[PDB]
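Considered here are two forms of the same protein chain, supplied as structure tokens in two stand-alone entries, structure 1 and structure 2.
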Structure 1
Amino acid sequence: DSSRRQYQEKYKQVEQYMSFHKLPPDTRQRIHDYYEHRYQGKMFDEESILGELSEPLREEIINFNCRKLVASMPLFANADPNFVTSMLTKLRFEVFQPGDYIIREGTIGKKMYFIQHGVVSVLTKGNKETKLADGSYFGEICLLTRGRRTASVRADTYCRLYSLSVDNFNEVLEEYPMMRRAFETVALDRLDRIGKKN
């Protein structure tokens, strides 16, 4: 109940932020609904709490939190738990509201994404390529080629995603060189379909 109060006080603080900056009506609605979807009536200082815990405890916890995502994904469910735990500890939780652009085509990608829950459209030049949903990942291509985004990725629904930076991706694959190929197969496949060796 102090974490429900936390959320309430922090929301009243947001309300005032929005009044002061005279934020427009679509963005106040969006912010209101973002708070409810992500935090759900409670707030915690996750990284403070987790900060006070031991390494193995942070890793039981994150292994539990991403339990279903792990199982969704042959890359994880079939891998050495030490590697999954390595990658998992580097993921950042992000929520996106419907219609949001996650990745914009032709930008410099420094980030990759795994879908816990949601549907995503992959788009090039305003044209639908496929959709991706729970147990898919995207944005891997730029982590490997180290160049420009080959497609746009828009949230079609609310989306619970975990992001993984380019530096964190390489640190893990240095430690687990055998895992690199699996990403490469997927990114070659996708590069075939959209017709690129740029």
Structure 2
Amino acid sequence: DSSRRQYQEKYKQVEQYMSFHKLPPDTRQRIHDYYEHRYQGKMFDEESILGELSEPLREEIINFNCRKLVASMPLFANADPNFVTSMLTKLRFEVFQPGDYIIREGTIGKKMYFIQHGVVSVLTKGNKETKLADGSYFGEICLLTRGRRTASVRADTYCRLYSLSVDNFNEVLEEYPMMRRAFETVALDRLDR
């Protein structure tokens, strides 16, 4: 753990930031708890390690680290393993906090999200909200037809998510375009209900 050092070195930097801007005690509570959930004691340049290795090693390594997330992922557990690997290599780990608006209706959407751990409300205007939890995913609609978000999605609890940007989503469905209808169908169901 020299990555224990970094966490502290970098959190010291954030306390001087909060100081300098005199953020209210609540806000500092949030920043601090987030930072704890997100880095969980440690900071490292994961991407620059993987950057140093071959593509196959990256793929092996990523598959190991994510075999749990995958088995617990309806859409991956079931799919061609190569599609899975390619999706996995493009996933960015993200944390959100109770009450956070992950997607705001009307926005232009740049990411879509996968639920590793957490619960989330999907709020459309005029109707009862619905929920999504571990295993599900949202935000694919705007990725399919560039466009304004169709619903707001608010974290109901701490959420550990993996995002996928619009470019990477496109890159992947270019690689595995047989997999686009699978997202289209889901978009479609969601849009009529």
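Numbering for residues begins at 1 and runs along the sequence of structure 1. In this text, the rigid core denotes the largest set of C-alpha atoms whose superposition between the two forms falls within 1.5 Å.
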Quiz prompt | Only residue that shifts (Cα, 2 Å or more, rigid core superposed) between structures 1 and 2, among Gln29, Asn65, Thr130, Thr157 | solution = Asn65
Exercise. For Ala182, give the CA shift between structures 1 and 2 in Å, the superposition being done on the rigid core.
Key: 0.8
Quiz prompt | Core-aligned Cα shift of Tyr17 between structures 1 and 2, given in Å | solution = 1.1
